[PDB]
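One file, data03.txt, is given below (compact mmCIF, C-alpha atoms and all ligand atoms).
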```
# COMPACT_ATOMS: atom_id res chain seq x y z
CA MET X 319 61.86 116.48 190.35
CA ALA X 320 63.93 119.67 190.91
CA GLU X 321 66.70 121.65 189.23
CA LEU X 322 70.32 122.20 190.26
CA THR X 323 71.10 125.89 190.08
CA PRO X 324 73.83 127.27 187.78
CA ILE X 325 75.85 129.79 189.79
CA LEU X 326 78.79 130.12 187.44
CA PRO X 327 79.00 128.33 184.03
CA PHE X 328 80.92 125.45 185.67
CA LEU X 329 79.52 125.66 189.22
CA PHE X 330 76.13 124.30 190.30
CA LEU X 331 74.33 124.30 193.61
CA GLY X 332 71.64 121.90 194.75
CA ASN X 333 70.19 119.74 197.49
CA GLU X 334 70.23 115.94 197.98
CA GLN X 335 67.26 115.35 195.64
CA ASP X 336 68.93 117.42 192.91
CA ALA X 337 72.07 115.24 193.16
CA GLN X 338 70.19 111.97 192.43
CA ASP X 339 69.03 113.09 188.91
CA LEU X 340 71.78 111.32 186.95
CA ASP X 341 70.38 112.33 183.52
CA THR X 342 70.53 116.10 184.31
CA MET X 343 74.09 115.72 185.55
CA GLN X 344 75.10 114.09 182.23
CA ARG X 345 73.11 116.71 180.32
CA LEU X 346 74.95 119.57 182.03
CA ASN X 347 78.49 118.23 181.52
CA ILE X 348 78.91 117.65 185.26
CA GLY X 349 81.99 115.62 186.08
CA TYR X 350 82.76 116.64 189.65
CA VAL X 351 80.67 116.44 192.81
CA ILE X 352 81.22 117.90 196.26
CA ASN X 353 79.00 116.25 198.89
CA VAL X 354 79.10 118.49 201.98
CA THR X 355 77.58 115.96 204.33
CA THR X 356 78.78 113.33 206.71
CA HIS X 357 76.03 110.74 206.17
CA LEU X 358 74.59 110.72 202.66
CA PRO X 359 75.80 108.41 199.91
CA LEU X 360 78.02 109.71 197.10
CA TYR X 361 75.09 109.23 194.78
CA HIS X 362 76.41 107.74 191.55
CA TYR X 363 79.76 106.35 192.66
CA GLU X 364 79.55 102.71 191.55
CA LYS X 365 78.66 103.98 188.05
CA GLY X 366 82.16 105.33 187.55
CA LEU X 367 81.00 108.60 185.95
CA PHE X 368 82.21 111.43 188.23
CA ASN X 369 85.01 112.64 190.45
CA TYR X 370 83.90 113.05 194.04
CA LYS X 371 85.04 114.93 197.12
CA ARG X 372 83.18 114.60 200.42
CA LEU X 373 83.27 117.35 203.01
CA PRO X 374 81.83 115.60 206.06
CA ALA X 375 80.10 118.43 207.87
CA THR X 376 76.90 118.98 209.83
CA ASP X 377 74.49 121.96 209.68
CA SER X 378 75.26 122.87 213.26
CA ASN X 379 76.38 125.83 215.36
CA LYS X 380 79.79 124.31 216.11
CA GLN X 381 80.83 123.06 212.67
CA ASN X 382 83.96 124.52 211.07
CA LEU X 383 83.71 124.95 207.28
CA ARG X 384 86.67 127.32 206.73
CA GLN X 385 88.94 124.26 206.98
CA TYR X 386 87.50 122.94 203.71
CA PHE X 387 87.59 126.15 201.67
CA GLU X 388 91.02 125.69 200.06
CA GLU X 389 90.49 121.99 199.40
CA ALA X 390 87.11 122.79 197.84
CA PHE X 391 88.50 125.65 195.72
CA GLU X 392 91.03 123.28 194.13
CA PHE X 393 88.33 120.77 193.14
CA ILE X 394 86.29 123.59 191.57
CA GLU X 395 89.13 124.87 189.41
CA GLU X 396 90.30 121.35 188.43
CA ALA X 397 86.80 120.96 186.99
CA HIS X 398 87.23 124.41 185.39
CA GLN X 399 90.70 123.72 183.92
CA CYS X 400 89.35 120.44 182.45
CA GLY X 401 86.14 121.97 181.07
CA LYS X 402 83.70 119.89 183.16
CA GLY X 403 81.04 121.25 185.48
CA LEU X 404 80.98 120.75 189.25
CA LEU X 405 77.97 120.15 191.48
CA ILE X 406 78.22 121.00 195.17
CA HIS X 407 75.29 119.87 197.28
CA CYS X 408 74.26 119.12 200.83
CA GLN X 409 70.56 119.00 201.84
CA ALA X 410 67.38 121.08 201.80
CA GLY X 411 68.17 124.70 202.58
CA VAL X 412 71.73 124.24 201.15
CA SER X 413 73.27 126.14 204.07
CA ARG X 414 76.51 124.17 204.00
CA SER X 415 77.06 124.15 200.23
CA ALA X 416 75.97 127.77 199.79
CA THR X 417 78.57 128.68 202.35
CA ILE X 418 81.24 127.07 200.19
CA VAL X 419 80.00 128.69 196.99
CA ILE X 420 79.92 132.08 198.69
CA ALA X 421 83.49 131.57 199.94
CA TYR X 422 84.54 130.69 196.37
CA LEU X 423 82.83 133.81 194.98
CA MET X 424 84.72 135.91 197.52
CA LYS X 425 88.16 134.33 196.95
CA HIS X 426 88.12 133.95 193.20
CA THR X 427 85.70 136.69 192.12
CA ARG X 428 86.77 139.27 194.75
CA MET X 429 83.15 139.90 195.70
CA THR X 430 82.28 140.98 199.18
CA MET X 431 80.59 138.48 201.45
CA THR X 432 77.22 140.24 201.35
CA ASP X 433 77.33 140.82 197.57
CA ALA X 434 78.30 137.15 197.02
CA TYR X 435 75.34 136.10 199.16
CA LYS X 436 73.03 138.45 197.28
CA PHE X 437 74.32 136.96 194.04
CA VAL X 438 73.83 133.36 195.16
CA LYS X 439 70.43 134.13 196.70
CA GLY X 440 69.31 135.63 193.40
CA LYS X 441 69.93 132.41 191.48
CA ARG X 442 68.95 130.12 194.45
CA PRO X 443 66.19 131.75 196.49
CA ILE X 444 65.84 129.40 199.52
CA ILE X 445 68.94 129.40 201.75
CA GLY X 446 68.57 128.67 205.46
CA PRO X 447 70.24 131.05 207.88
CA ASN X 448 73.16 129.78 209.95
CA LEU X 449 74.94 132.49 211.96
CA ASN X 450 77.94 130.28 212.69
CA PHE X 451 78.65 129.93 208.96
CA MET X 452 78.04 133.68 208.49
CA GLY X 453 80.68 134.48 211.07
CA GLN X 454 83.11 132.18 209.33
CA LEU X 455 82.45 133.96 205.97
CA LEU X 456 83.07 137.36 207.67
CA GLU X 457 86.43 136.27 209.15
CA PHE X 458 87.28 134.76 205.72
CA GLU X 459 86.61 138.13 204.02
CA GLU X 460 88.93 139.93 206.47
CA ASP X 461 91.72 137.31 206.15
CA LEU X 462 91.30 137.50 202.33
CA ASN X 463 91.49 141.32 202.37
CA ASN X 464 94.43 141.54 204.84
CA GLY X 465 96.70 139.02 203.00
CA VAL X 466 95.48 135.36 203.16
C1 LIG X 501 76.86 134.80 203.63
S1 LIG X 501 75.26 135.16 204.39
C2 LIG X 501 74.80 136.82 204.63
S2 LIG X 501 75.86 138.07 204.41
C3 LIG X 501 74.79 139.28 204.79
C4 LIG X 501 73.57 138.77 205.12
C5 LIG X 501 73.55 137.32 205.02
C6 LIG X 501 72.40 136.60 205.33
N1 LIG X 501 72.27 135.32 204.97
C7 LIG X 501 71.15 134.68 205.30
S3 LIG X 501 71.06 132.99 204.78
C8 LIG X 501 72.65 132.31 204.24
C9 LIG X 501 73.59 131.99 205.37
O1 LIG X 501 73.40 132.40 206.48
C10 LIG X 501 74.81 131.11 205.07
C11 LIG X 501 74.46 129.67 205.41
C12 LIG X 501 75.23 131.19 203.60
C13 LIG X 501 75.98 131.57 205.93
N2 LIG X 501 70.14 135.23 205.98
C14 LIG X 501 70.26 136.50 206.35
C15 LIG X 501 71.38 137.23 206.04
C16 LIG X 501 71.53 138.65 206.46
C17 LIG X 501 72.33 139.49 205.52
```

Write out the structure in this file as structure tokens.
Amino acid sequence: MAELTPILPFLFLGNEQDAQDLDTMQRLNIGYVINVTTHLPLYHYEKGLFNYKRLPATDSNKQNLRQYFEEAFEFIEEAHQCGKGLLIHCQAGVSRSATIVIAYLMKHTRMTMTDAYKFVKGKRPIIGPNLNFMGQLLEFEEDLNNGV
């Protein structure tokens, strides 16, 4: 159907349809999945093939995603330290997951917010705006710069 975008060598971004292609996940050495939704299934759980973390969030104007940054950053590096890839997904438009990737690219690549967004948008061209998440990523940049 569709293709889950490599952002880093171990970090992939996709929507809900991308996360249901089991064969591409096995092909890419994916062993970790972050599902940034409250309501979807963890798509291949009963198969016993992957480590999962759910971030139960909505694509809304009131949703806090900063709370999950540090928890999500650990799961990404555990996949890195163990040499397996990680897929982080939500749904079409990937607003919630892209926020998390962008936060990771700021914290662990010392990119600026806007340059991290430009980077992600280059590899993954359709990303729905959400000003609430933007404001969170701005206040995360400042906290990261002024001693987080
Ligand atoms: C980190 S976003 C960012 S930083 C500087 C700009 C932007 C931007 N992003 C988007 S879409 C993506 C989003 O809004 C997120 C869901 C990831 C928060 N549309 C317009 C703009 C204006 C320029």

Q: Name each residue within 9 Å of ligand LIG 501 (chain X), counting all atoms listed in the file, as a PyMOL selection string.
A: chain X and resi 377+411-421+430-436+438-439+444-456

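Distance check against residue 359 in chain X using only C-alpha atoms: of X:429, X:390, X:325, X:408, the minimum falls on X:408.
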
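Note that CA of residue 330 in chain X and CA of residue 405 in chain X are 4.7 Å apart.
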
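The smallest atom-to-atom distance between residue 400 in chain X and any of X:358, X:331, X:348, X:466, using all atoms listed in the file, is found for X:348.
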
Q. Looking at only C-alpha atoms, which of X:337, X:346, X:462, X:375 is the one that sits closest to residue 424 in chain X?
A. X:462

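The space separating CA of residue 357 in chain X from CA of residue 404 in chain X comes to 20.3 Å.
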
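CA of residue 422 in chain X to CA of residue 465 in chain X spans 16.2 Å [interatomic distance, one decimal].
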
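Residue nearest residue 406 in chain X within the list X:384, X:345, X:372, X:428: X:372 [criterion: smallest interatomic distance, all atoms listed in the file].
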
Q. Could you name the residues that touch residue 376 in chain X at 8 Å or less, counting all atoms listed in the file, but leaving out those on the same chain fewer than 3 positions away, as a VMD selection string?
A. chain X and resid 355 to 356 381 414

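With distances restricted to all atoms listed in the file, X:367 is the closest residue to residue 344 in chain X from X:367, X:394, X:329, X:320.
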
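The closest residue to residue 353 in chain X, picked from X:321, X:393, X:385, X:425 and counting all atoms listed in the file, is X:393.
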